[PDB]
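*Asks:* below you'll find the sequence and an experimental structure to go with it.
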Amino acid sequence: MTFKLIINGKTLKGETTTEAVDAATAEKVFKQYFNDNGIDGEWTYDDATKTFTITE
């Protein structure tokens, strides 16, 4: 299970992706990834393709 964090904002524009030991294991970590960036907006996890997208 590979997750991808996409930041949709003029302030910060980036994209990353990687695999982990487990879906939930990476889901709990990927949540803190952007947490450090302090990105304020609509943060949600796309259960569809396990993709994390944010909309400021």
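*Replies:* Cool, got the structure. Residues are numbered from 1 along each chain as shown.

*Asks:* isn't there a strand covering residue 12?
*Replies:* No. Under DSSP: H, G, I helix; E, B strand; the rest coil, residue 12 sits outside any strand and is assigned coil.

*Asks:* where exactly do the helices run in the protein?
*Replies:* With helices called from DSSP state H, the chain shows them at 23-33.

*Asks:* for this structure, what spans make up the strands?
*Replies:* Secondary structure of the chain (DSSP state E): strands located at 2-8, 15-19, 42-46, 51-55.

*Asks:* is it possible to export the ones you listed to CSV including mean neighbour count and distance to residue 25?
*Replies:* From N, CA and C alone the C-beta is placed, and that goes for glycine too. Written out in CSV, the entries for those read as follows (neighbours: other CB atoms under 10 Å; distance: least, CB to CB, whole Å):
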stretch, mean neighbour count, distance to residue 25
strand 2-8, 17, 10
strand 15-19, 11, 11
strand 42-46, 12, 14
strand 51-55, 16, 14
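
*Asks:* could these be laid out in JSON lines, adding distance to residue 31?
*Replies:* Shown next, in JSON lines, are the strands of the chain (distance: least, CB to CB, whole Å):
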{"stretch": "strand 2-8", "distance to residue 31": "9"}
{"stretch": "strand 15-19", "distance to residue 31": "14"}
{"stretch": "strand 42-46", "distance to residue 31": "8"}
{"stretch": "strand 51-55", "distance to residue 31": "8"}
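
*Asks:* ok, which of the ones you listed comes nearest residue 36?
*Replies:* strand 2-8 (11.3 Å; CB to CB).
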